[PDB]
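Each protein sequence line maps, in turn, to chains G and D.
The first sequence: position 13 = 18 (my numbering), numbered continuously.
The second sequence: position 40 = 603 (my numbering), numbered continuously.
Quick reminder that beta carbons are idealized off the backbone N, C-alpha and C, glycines included.
See below for the structure under consideration.
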Amino acid sequence: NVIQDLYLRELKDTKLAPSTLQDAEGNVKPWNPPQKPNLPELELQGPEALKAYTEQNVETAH
Amino acid sequence: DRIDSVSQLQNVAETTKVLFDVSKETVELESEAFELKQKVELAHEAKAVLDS
């Protein structure tokens, strides 16, 4: 009755048309791609270490 | 007194070499673990952006 009038009028005349994905993006955290932090190269590598170790490990303190 | 010092040192000399190896060996394994950490990280970030 009142259900029908309201139903008809409301449903028919209401047209969705929301924000684009581009507009949406601002209101969200955007996609993150791979991070790719490389491979760090550590100490105790190179002949800096070797000469150091021969010499250093010739005398140590108590 | 001198004998006492000496006896300690004998046992030390071998066993300390064990620790020497052991310590650096563990550190190597732990290096490889960093690559695991990066797997964990990227996935966590991805879920979060998606949740937003």
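Considering only the beta carbon of each residue, do residue 611(D) and residue 41(G) sit closer than 8 angstroms? Position 48 of the second sequence, counted from the first residue, corresponds to residue 611(D). Position 36 of the first sequence, counted from the first residue, corresponds to residue 41(G). Going by C-beta atoms, residue 611(D) is not nearer than 8 angstroms to residue 41(G).
Listed by chain order, chain G residues near residue 592(D) by CB distance under 9 angstroms: Taking the second sequence and counting its residues from 1, one reaches residue 592(D) at position 29. Chain G residues near residue 592(D): none, gap ~13 angstroms exceeds 9 angstroms.
Under a CB-based cut-off of 8 angstroms, is residue 52(G) close to chain D? Indexing the first sequence from 1 puts residue 52(G) at position 47. False, the Cβ-Cβ gap to chain D never drops below 8 angstroms.
Which whole-angstrom value is the C-beta distance of residue 516(D) and residue 39(G), which I expect to be below 8 angstroms? What is shown of chain D runs 564 to 615, which leaves residue 516(D) out entirely.
Per-residue contacts from residue 581(D) into chain G (C-beta, under 8 angstroms): Numbered from 1 along the second sequence, position 18 holds the residue referred to as residue 581(D). Those within 8 angstroms of residue 581(D) in chain G number zero; the least Cβ separation is about 17 angstroms.
Step through the CB atoms of chain G and report whether any lies within less than 8 angstroms of the CB of residue 586(D). Locating residue 586(D) in the second sequence gives position 23, counting from the first residue. Chain G, which has no Cβ nearer than 8 angstroms to the Cβ of residue 586(D), makes this no.
Test item: CB-CB of residue 47(G) and residue 594(D) under 8 angstroms: Locating residue 47(G) in the first sequence gives position 42, where the first residue counts as 1. Locating residue 594(D) in the second sequence gives position 31, where the first residue counts as 1. Yes, these two residues count as a Cβ contact at 8 angstroms.
Hey, residue 32(G) and residue 609(D): beta-carbon distance below 8 angstroms or not? Numbered from its first residue, the first sequence carries residue 32(G) at position 27. Numbered from its first residue, the second sequence carries residue 609(D) at position 46. Not in contact: residue 32(G) and residue 609(D) (Cβ atoms no closer than 8 angstroms).
From the beta carbon of residue 61(G), is the nearest beta carbon of chain D less than 8 angstroms away? Taking the first residue of the first sequence as position 1, residue 61(G) is located at position 56. So, not an interface residue.
Cβ closer than 8 angstroms: which chain G residues qualify as neighbours of residue 611(D)? In the second sequence, counting from the first residue as 1, residue 611(D) sits at position 48. The contacting residues are 34.
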